[PDB]
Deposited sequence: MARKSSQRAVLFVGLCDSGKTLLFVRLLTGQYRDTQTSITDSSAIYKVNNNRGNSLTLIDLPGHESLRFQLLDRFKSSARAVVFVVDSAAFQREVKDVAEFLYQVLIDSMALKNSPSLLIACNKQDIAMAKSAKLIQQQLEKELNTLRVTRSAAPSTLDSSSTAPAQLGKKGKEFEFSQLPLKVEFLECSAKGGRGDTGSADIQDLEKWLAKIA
């Protein structure tokens, strides 16, 4: 089945997609449509997954996530770890909709939060990104202008979710995508 890569513009979805499929680097520009290709997993049986790279632009992100969500075995939400500090709110807001969409599904897809661009010095760790995102989703479920996140009476945390949710670190620039290929293998 399909693995959807989603995230804000410039989080690195297309470059990861390329790195996973060719092991190489390639110049890219902002994506305006989705792209897909078959990925042969690293494990013995070598199962095949269909990677689908979804544009992060606001005008297209939901239209396309809606179109492909029911076909998803897994969702990889990509995060620019170096720009995280200034983009936190935009990230949390998009992830919120991704969490909701995912839970409202018959067979909830497994979900990964790939903290990308680790090769850049100022990059926040996956541990710190998880912490700040929980704190932020915690405010959003109250301010957000019926499926809901965790329990209303307790501070939000990803573990309270009826979904498999993992965090890992990576870099698309060869690259450092070992953990990501491990996880992809594991969910195939």
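**Student:** Counting from 1 along the deposited sequence, which stretches lack C-alpha positions?
**Tutor:** Going by the record, the segments left unmodelled (no C-alpha atoms) fall at 1 to 7, 153 to 164, 193 to 199.
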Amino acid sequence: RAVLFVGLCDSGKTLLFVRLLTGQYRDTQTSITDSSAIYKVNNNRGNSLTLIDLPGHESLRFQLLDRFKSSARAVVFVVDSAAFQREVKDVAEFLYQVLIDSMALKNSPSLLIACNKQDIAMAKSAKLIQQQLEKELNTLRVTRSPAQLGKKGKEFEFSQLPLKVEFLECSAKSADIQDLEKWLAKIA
From here on, numbers count along this sequence of modelled residues.
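**Student:** Read off the CA B-factors in the entry, average them over 119 to 127 and over 40 to 48, and name the higher stretch.
**Tutor:** Mean CA B-factor is higher for 40 to 48.
**Student:** Per the entry, where is the mean C-alpha temperature factor higher: 20 to 28 or 174 to 182?
**Tutor:** Averaged over C-alpha atoms, the B-factors run higher in 174 to 182.
**Student:** Between 143, 33, 138, 132, which one tops the list for C-alpha B-factor in the PDB entry?
**Tutor:** When the deposited C-alpha B-factors of 143, 33, 138, 132 are compared, 143 is largest.
**Student:** Please work out which residue in 98, 104, 83, 78 has the highest C-alpha B-factor recorded for this crystal structure.
**Tutor:** Reading the PDB entry, the winner on C-alpha B-factor is 104.
**Student:** What third of its chain's C-alpha B-factors does residue 187 belong to: lowest, middle or highest?
**Tutor:** Residue 187: CA B-factor falls in the highest third of its chain.
**Student:** Hey, what third does residue 53 fall into on Cα B-factor, ranked over its chain?
**Tutor:** Lowest third of the chain for residue 53's C-alpha B-factor.
**Student:** Test of reading the entry: by CA B factor among the chain's modelled residues, which third contains residue 64?
**Tutor:** For residue 64, the deposited C-alpha B-factor lands in the middle third.
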